[PDB]
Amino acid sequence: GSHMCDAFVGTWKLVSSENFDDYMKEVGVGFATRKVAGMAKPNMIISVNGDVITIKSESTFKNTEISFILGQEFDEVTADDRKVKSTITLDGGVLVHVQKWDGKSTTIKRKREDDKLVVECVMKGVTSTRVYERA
């Protein structure tokens, strides 16, 4: 089939987190924005309309929404208000998402395992891991 849609579509709620504060600190986020954003723990929604995929946070201070096609670079405005160039691709059934800005780079992997969606964020040496369940 084209089984990526069934694996990823839905509303996902955070259930665990490691080193996200560190990851945000590395990305440049300030001390107040980090703490609040880290507590916010928004649900994240994935939808699909043809070739166009959309990832939205539910309402949180610092709403976000991207809409993209696999392989096509696109401008994104992150939750900490960075203007980045993002490319997302499907490699192994993992969604790999690279953001470039100011000669810097961060990679965000999103993979299904069992009934769970695991999100790994890497910036320089600093690796964050967050796990989500269907809400």
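Numbers for residues come from their place in the sequence shown, where the first is 1. The term rigid core refers to the most C-alpha atoms you can superpose between the two forms while keeping them within 1.5 Å.
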Requested in this report: Just give me the stretch that moves more in 8 other deposited structures of this protein: 66-74 or 51-59, judged by RMS C-alpha distance after a core fit.
Outcome: 51-59
Report summary line: By Cα RMS to this form in 8 other deposited structures of this protein after fitting the core, the stretch ranking higher of 34-42 and 82-90 is 34-42
Query raised in the report: If you average the CA temperature factors over each stretch, which comes out higher, 37-45 or 53-61?
Result: 53-61
**Report entry** Third assignment of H3 from its chain's C-alpha B-factors
**Finding:** highest
Query - Among modelled residues of the same chain, the CA temperature factor third for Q99 - result: lowest
Requested in this report: Tell me, lowest, middle or highest third: where does the Cα B factor of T11 rank within its chain?
Outcome: lowest
Query raised in the report: Split the chain's modelled residues into thirds by Cα B-factor; is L70 in the lowest, middle or highest one?
Result: middle
Report task. Sorting the chain's modelled residues by C-alpha B-factor, tell me whether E113 ends up in the lowest, middle or highest third. Result -> middle
